[PDB]
Amino acid sequence: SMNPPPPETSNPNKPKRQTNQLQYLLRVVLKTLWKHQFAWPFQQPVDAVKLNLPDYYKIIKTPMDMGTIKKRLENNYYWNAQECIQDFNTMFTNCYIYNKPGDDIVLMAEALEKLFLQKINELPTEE
Ligand SMILES: CCn1c2c(c(=O)[nH]c1=O)[C@H]1C(=C(C)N2)C(=O)OCc2ccccc2OCCCOc2ccccc21
């Protein structure tokens, strides 16, 4: 298949913690983006077969998507908020690497990223 195995959403050897910040990342940040009208291209791994993107995984070697992030949060996979924030940033960075400025998918990502950053601005201090 053109598609690689998707990123793991569990791993018994991965170290993990729960924190108030990770809780906010699920309850606020992920939920807000997940329900947005532009979420759908980002709700699951990029499917190069369905989407006719035979070059996608020649270019994008660190794939990430919000379906994976959602499951990682639900599974308490992360050690800290930074790991989760990094996954969101990988997703956006991949979109801007693969697609051209001004493309519809880029306009969608930019709207989601603006909202992401508005929610991150209110991330509680860890306690
Ligand atoms: C986030 C991953 N992604 C992605 C896309 C893309 O172009 N670049 C990406 O990085 C595709 C895409 C997804 C899910 N995802 C998608 O549903 O296409 C549909 C499609 C399937 C079969 C043939 C041609 C098709 O559409 C032609 C228009 C150009 O495609 C667009 C346009 C707007 C939004 C998304 C996309």
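Conventions adopted
Residues numbered from 1 in each chain as written, not as in the entry; some residues may be left out. Heavy atoms only, no water. Near = heavy atom within 4 Å. Polar contact = N/O pair within 3.5 Å; in protein donor to acceptor, adjacent residues only side chain to side chain. Areas by Shrake-Rupley, 256 points an atom, 1.4 Å probe, with all protein chains shown as cover. 1 Å grid on protein atoms, 1.4 Å probe; cavity = no way out; pocket = protein on both sides within 12 Å on 5 of 7 lines; lining within 4 Å. Sits in = over half its atoms within 2 Å of the grid points. Helix = DSSP H or I, 4+ residues; strand = E, 2+ residues; numbered from the N terminus. Nonpolar A, V, L, I, M, F, W, Y, C, P; charged D, E, K, R; others polar. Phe/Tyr/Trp six-rings, centres within 6.5 Å; stacked < 30°, edge-to-face > 60°. Buried < 20%, exposed > 50% of the residue type's maximum accessible area, 1.4 Å probe, protein only. Points joined across faces, edges and corners; volume = space filled by probe spheres on them.

Asks: Give a detailed account of the site of the ligand, specifying residues and quantitative values.
Replies: The environment of the ligand is formed by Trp40, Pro41, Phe42, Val46, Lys50, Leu51, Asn52, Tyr56, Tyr98, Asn99, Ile105 and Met108. Here a nitrogen atom of the ligand sits 2.8 Å away from a polar atom, N or O, in the side chain of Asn99. When the free accessible area of the ligand is taken as 640 Å², the share hidden by the protein chains comes to 64%. Under a 2 Å grid-point criterion requiring more than half of the atoms, the pocket assigned to the ligand is the largest pocket. Breaking the shell around the ligand down by element, the ones donating at least two residues are α2 (48-51) and α6 (104-120). For the shell around the ligand, the residue count by class is 9 nonpolar, 2 polar and 1 charged.

Asks: Describe in detail the packing of aromatic side chains, supporting the description with residues and values.
Replies: Counted according to the given criterion, the structure contains 5 aromatic pairs. Note on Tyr56 and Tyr57: the rings are 4.9 Å apart at their centroids and 85 degrees apart in plane angle, and the pair reads as edge-to-face. By relative accessible area, which is 7% here, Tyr56 ends up buried. Residue class for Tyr57 comes out buried when judged on its relative accessible area of 13%. Aromatic pair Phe92 and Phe116: ring centres 5.8 Å apart, planes at 50 degrees, arrangement tilted.

Asks: Can you break down empty space enclosed by the protein residue by residue, with the values?
Replies: Space left empty within the atom packing is revealed by a probe, the size of a water molecule, rolled over the atoms. Considering all chains together, one arrives at 1 cavity of 30 Å³ or more under this definition. Its volume calculated, the largest cavity comes out at about 40 Å³. In terms of lining residues, the largest cavity is bounded by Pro45, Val46, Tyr56, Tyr57, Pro63, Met64, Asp65 and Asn94. For the lining of the largest cavity, the residue count by class is 6 nonpolar, 1 polar and 1 charged.

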